[PDB]
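One chain comes next, on its own, written out as structure tokens in the form deposited in one PDB entry.
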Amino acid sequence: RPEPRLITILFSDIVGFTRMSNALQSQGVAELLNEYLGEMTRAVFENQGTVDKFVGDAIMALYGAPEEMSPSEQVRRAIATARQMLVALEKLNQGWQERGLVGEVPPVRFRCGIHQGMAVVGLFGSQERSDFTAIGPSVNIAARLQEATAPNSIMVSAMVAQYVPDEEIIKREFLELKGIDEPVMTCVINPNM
């Protein structure tokens, strides 16, 4: 049965994928995407994370579920992952650049949002089709954060930022998010430790 517990959600999403989605065609789109994702999942698994699901060119990773994890660990790994994924993106662009797969098309950039809160975690769906995911306001914030941030940046919430030295806090500022009544305190963190 799905039950509530504290977890950290991370969303990674490629910017403007739809554009290059043309003039790159089938093979191009499949080959690039499959590779992009190969690295990103690698980044998640290495940081003890869990790949909840892919949503188009987006990734949804969890920390703290299904395997119990300490609040500090949850955020520390999630951030390590976000910083790691970025390092892969710069190199993949270096791999696709000398392949022509990039360039009437720019390199690939992603938006990342991280949050920590409660969520009803467990198997959702029917007895014919059910997947393991996290449901709840907390998830929506993680998603909304990722969407509100600038390309090639990591935007966490205050809940997350508290485990982050203010020195690594590039930009603090409230922001109204879609579907969230109370304005959230967002924190754009530094890509480097």
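Each residue number is its position in the shown sequence, starting from 1. Residues that one form lacks are left out of the comparison. For the two forms, the rigid core is made up of the largest set of C-alpha atoms that agree within 1.5 Å on superposition.
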Exercise. Is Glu73 unbuilt in at least a third of the other PDB entries compared?
Worked result: no
Exercise. Counting only other entries that model residues on either side of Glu90, is it left out in at least a third?
Worked result: no
For this session: Please count the deposited residues lying between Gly103 and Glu104 that the model leaves without coordinates, and give the class: none, 1 to 3, 4 to 9, or 10 or more.
Result: 1 to 3
Problem set entry | Stretch exceeding the other in mean C-alpha B-factor - 89 to 97, 72 to 80 | 89 to 97
Problem set entry | Higher-B stretch (mean Cα B-factor, as the entry records it), 134 to 142 or 40 to 48 | 40 to 48
Exercise. Which one, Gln127, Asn34, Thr149, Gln162, has the peak C-alpha temperature factor per the PDB entry?
Worked result: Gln127
Exercise. Which one, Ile169, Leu10, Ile14, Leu24, has the peak C-alpha temperature factor per the PDB entry?
Worked result: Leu24
For this session: For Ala65, return the chain-relative third of its C-alpha B-factor as stated in the PDB record: lowest, middle or highest.
Result: middle
Exercise. For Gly117, does the deposited CA B-factor place it in the lowest, middle or highest third of the chain?
Worked result: lowest
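What comes next is about the form deposited in another entry, which does not appear here.
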Problem set entry | Core superposition between the shown form and the other one, C-alpha change of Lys171 at least 2 Å | no
Exercise. Core-aligned, does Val184 move its Cα 2 Å or more between the shown form and the other one?
Worked result: no
Exercise. Upon rigid-core superposition, which contiguous segments of at least three residues exhibit Cα shifts of 2 angstroms or more between the shown form and the other one?
Worked result: 16 to 25
